[PDB]
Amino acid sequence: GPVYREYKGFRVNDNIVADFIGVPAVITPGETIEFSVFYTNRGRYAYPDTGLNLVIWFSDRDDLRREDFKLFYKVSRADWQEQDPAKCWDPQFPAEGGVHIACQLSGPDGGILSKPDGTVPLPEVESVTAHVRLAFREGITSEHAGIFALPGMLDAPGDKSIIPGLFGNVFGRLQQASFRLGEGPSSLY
């Protein structure tokens, strides 16, 4: 099996990366956007079970909670579902301010990689995609915010997830999308 690196108290395999497609740099409050995000096994070790976690982060206010946004997703060709508030970590508060809400977006991928027992194994070069629909409620803004993709994997089958609400005991390479929640640019000319 692969060897992990230490970030905080967690193990991280950089061979499991993630990519965003279609995240806008400015999101209008109240408006619904759809984007896709996918994690890909760039290593050679096939993980027996995998799922995506998504973290919503505002750097310049700490009142954001899970309830302030709507979140739906679909794992590859499986059906759409509403992201489960109980499958989230509790709000986390960096010492410099802000807040982030970690949301689990795991599940079978429609029988592409997923297996009849419910596991989503990740062989080399393979990938799992989440199509995501996201909307923040009106009246909430942020001037420096991000979505973060955090691949969760189970090192070995019988291992169990380490953070309550999120999938996995080891994690992949964090990928970022920075955005603003508010109004788009005035014309510079």
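All residue numbers are counted from 1 along the displayed sequence.
Across the two stretches, 133 to 141 and 151 to 159, the PDB entry reports the greater mean Cα temperature factor for 151 to 159. Remark: stretch with higher mean C-alpha B factor among 118 to 126 and 51 to 59 is 118 to 126. Listed residues 35, 45, 69, 39 were ranked by CA B-factor as deposited; 45 comes out on top. Comparing the C-alpha B-factors of 21, 170, 25, 174 in the entry, the top value falls on 170. In this PDB entry, the Cα temperature factor of residue 146 sits in the bottom third of its chain's modelled residues, the lowest group. Among all modelled residues in its chain, residue 17 ranks in the middle third by Cα B-factor.
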